[PDB]
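The block underneath contains the structure these notes are about, expressed in structure tokens.
Basis for what follows: all heavy atoms, side chains included, without hydrogens, waters or symmetry-related copies. When a residue number appears, it is its place in the shown sequence, counting from 1.
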Amino acid sequence: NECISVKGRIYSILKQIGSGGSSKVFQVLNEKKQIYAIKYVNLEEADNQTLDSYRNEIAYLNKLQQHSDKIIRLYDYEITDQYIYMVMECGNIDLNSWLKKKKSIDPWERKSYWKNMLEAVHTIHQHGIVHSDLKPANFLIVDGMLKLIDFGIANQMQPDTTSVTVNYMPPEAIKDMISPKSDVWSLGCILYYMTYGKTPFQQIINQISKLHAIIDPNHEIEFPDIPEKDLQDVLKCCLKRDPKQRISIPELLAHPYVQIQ
Ligand SMILES: COc1cc(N2CCCC2=O)ccc1Nc1nc(NC2CCOCC2)c2c(C#N)c[nH]c2n1
Ligand SMILES: [Mg+2]
Ligand SMILES: [Mg+2]
């Protein structure tokens, strides 16, 4: 019967979904035995860089959810000098965990998840954010939909277990040692994974030349023919290494793959 109070109301902790650095996310019930997610950040030690990333996340989450229901909802929050509590709509599960168990995706459901992710990413681009590190873990499944959680700022957390990648990074991020085009690359890797059941360079299991493969022009990604050729076309347009020739989000929204059927 571990509990959390937040701006008046009490919540029972059903379990800890995940953790990350100084954060924790709990699946909880309110007094009306309704389910929610609560994120907790122990601010006790945390530099002004960490503090500000979390303050920025909360502001954008509060702003953005008026413009799109593909952004996870922030219902209430409590913030002091010691801690943060955020009450949010709780997802059934994150998309990474969900992919890693499913055999094969229903084609109409892949198309629908795809529209969901485009809308969400589109929404954050309109308000001046480039995620830059998109991956399946950033999307939750709720009400048969995909909703975005992470904005790039704030430290990513990891699902917890009761025991004890880089496949999505855009090429121009590797050569950065970054624009809305970088999120379309990462979205194409997810859709590609949803189509061919595998990430473009998911087999180059050694990292340094996984990276090398990604930035290498005369390394070619394979697009086996498939029934839905509009989907073959989406993937080929997303996965162009040259950012300036890569398809954009506004264009992807006008594409037959999302507009027909
Ligand atoms: C039942 O609930 C869930 C369960 C699971 N998993 C993962 C595998 C095993 C399992 O059962 C994953 C997500 C949810 N639902 C959920 N998860 C959130 N954070 C997770 C933090 C760890 O990495 C993935 C996301 C938030 C969030 C934030 N921040 C605001 N709402 C949220 N809803
Ligand atoms: Mg068990
Ligand atoms: Mg295990």
Side-chain angles (χ1 to χ4, degrees), residues 95-102 104-122 125 130-139 146 148 152 156 165-174 176-261:
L95 178 69
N96 200 44
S97 305
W98 183 85
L99 293 175
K100 296 194 309 184
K101 266 313 149 181
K102 185 170 229 260
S104 35
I105 319 312
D106 173 23
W108 299 97
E109 192 163 287
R110 168 177 45 211
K111 209 203 260 303
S112 210
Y113 284 7
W114 177 244
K115 309 176 182 170
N116 284 175
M117 298 161 59
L118 285 191
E119 182 188 338
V121 175
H122 185 48
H125 288 183
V130 180
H131 189 305
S132 149
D133 185 59
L134 276 188
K135 61 218 165 292
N138 300 115
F139 294 96
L146 256 52
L148 180 71
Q156 71 178 236
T165 312
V166 85
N167 278 314
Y168 302 90
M169 66 150 40
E172 59 277 23
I174 286 149
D176 206 59
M177 306 161 298
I178 298 266
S179 74
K181 292 293 187 65
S182 319
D183 290 346
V184 317
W185 177 280
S186 298
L187 289 176
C189 294
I190 306 191
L191 184 61
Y192 188 108
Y193 184 180
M194 300 195 12
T195 312
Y196 303 117
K198 136 201 183 286
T199 279
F201 318 90
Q202 189 142 69
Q203 84 287 339
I204 308 172
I205 176 143
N206 170 258
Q207 281 298 22
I208 316 191
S209 185
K210 210 188 283 241
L211 281 202
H212 270 306
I214 284 169
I215 67 156
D216 173 50
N218 294 69
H219 190 308
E220 310 175 29
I221 303 114
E222 214 153 329
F223 299 83
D225 280 39
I226 41 157
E228 321 164 74
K229 304 285 219 156
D230 292 336
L231 159 53
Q232 187 167 0
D233 187 50
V234 172
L235 300 164
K236 303 169 78 160
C237 295
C238 290
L239 294 177
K240 284 168 181 183
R241 298 187 169 86
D242 180 7
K244 42 223 151 167
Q245 285 268 338
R246 196 176 307 139
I247 194 166
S248 74
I249 304 273
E251 294 169 335
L252 279 161
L253 284 167
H255 191 286
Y257 183 59
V258 317
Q259 282 298 332
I260 300 163
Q261 279 153 31

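Every residue two or more places apart in sequence or in another chain that forms a ring pair (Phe, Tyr, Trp, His ring centres under 6.0 Å) with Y192 is listed here: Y196, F223. Applying the salt bridge (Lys or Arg N to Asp or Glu O under 4.0 Å) criterion to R241, with sequence neighbours excluded, gives no partner residue. Residues passing the ring pair (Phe, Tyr, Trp, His ring centres under 6.0 Å) test with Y193, sequence neighbours excluded: none.
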Step-by-step side-chain contact (heavy atoms from CB on, under 4.5 Å) determination, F139 to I190: CA-CA 11 Å; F139 294 96; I190 306 191; 4.2 Å; yes

side-chain contact (heavy atoms from CB on, under 4.5 Å) between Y257 and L235: does it pass, once the steps are laid out? CA-CA 10 Å; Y257 183 59; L235 300 164; over 6 Å; no

Could you walk me through whether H131 and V121 pass side-chain contact (heavy atoms from CB on, under 4.5 Å), step by step? CA-CA 8 Å; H131 189 305; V121 175; over 6 Å; no

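Between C238 and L252 the shortest side-chain heavy-atom distance falls below 4.5 Å. For the pair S248 and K181, the minimum side-chain heavy-atom distance is below 4.5 Å. Side-chain contact between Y113 and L95 is present, with heavy atoms from C-beta onward closer than 4.5 Å. Taking the side chain as every heavy atom from C-beta outward, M194 and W114 never approach each other to under 4.5 Å. Taking 4.5 Å as the limit, every side-chain heavy atom of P243 sits out of range of all side-chain heavy atoms of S182. Two residues are said to be in side-chain contact when any heavy atoms from C-beta on lie closer than 4.5 Å; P200 and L239 meet this criterion.
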Please tabulate, for side-chain N and O atoms in residues 202-215, each donor-acceptor pair with protein atoms closer than 3.5 Å (sequence neighbours left out).
| from | atom 1 | to | atom 2 | distance (Å) |
| --- | --- | --- | --- | --- |
| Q202 | OE1 | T199 | N | 3.1 |
| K210 | NZ | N167 | OD1 | 3.3 |
| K210 | NZ | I204 | O | 3.4 |

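Distance check: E251 CD to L118 CG gives 12.0 Å after rounding to the nearest 0.5 Å. For the atom pair OG (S97) and NZ (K102), the distance works out to 15.5 Å, reported to the nearest 0.5 Å. Of the inter-residue distances, the one linking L187 atom CG with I249 atom CD1 reads 5.5 Å to the nearest 0.5 angstrom.
A pairwise comparison of heavy atoms in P250 and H122 identifies CG-CE1, 4.4 Å as the closest pair. Taking each heavy atom of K135 and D133 in turn, the nearest pair found is NZ-OD2, 2.9 Å. Among all heavy-atom pairs drawn from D183 and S132, the shortest one is OD1-N, 2.8 Å. The two residues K115 and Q261 make their nearest non-hydrogen contact at NZ-O, 3.8 Å. Heavy-atom minimum distance, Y168 versus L134: CB-O, 3.6 Å.
Salt-bridge annotation for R246 and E172: present, with a side-chain N of the basic residue lying under 4.0 Å from a carboxylate O of the acidic one.
Surrounding CD of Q245 are at most 12 heavy atoms belonging to other residues, nucleotides or ligands under 6.0 Å away.
Sorted by first and then second residue, the salt bridge (charged side-chain N to carboxylate O under 4.0 Å, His left out) pairs involving residues 227-238 (not counting sequence neighbours) are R110-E228, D225-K229. The ring-ring contact (aromatic ring centres under 6.0 Å, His included) contacts involving residues 228-256 comprise nothing, where partners must be two or more places apart or lie in separate chains.
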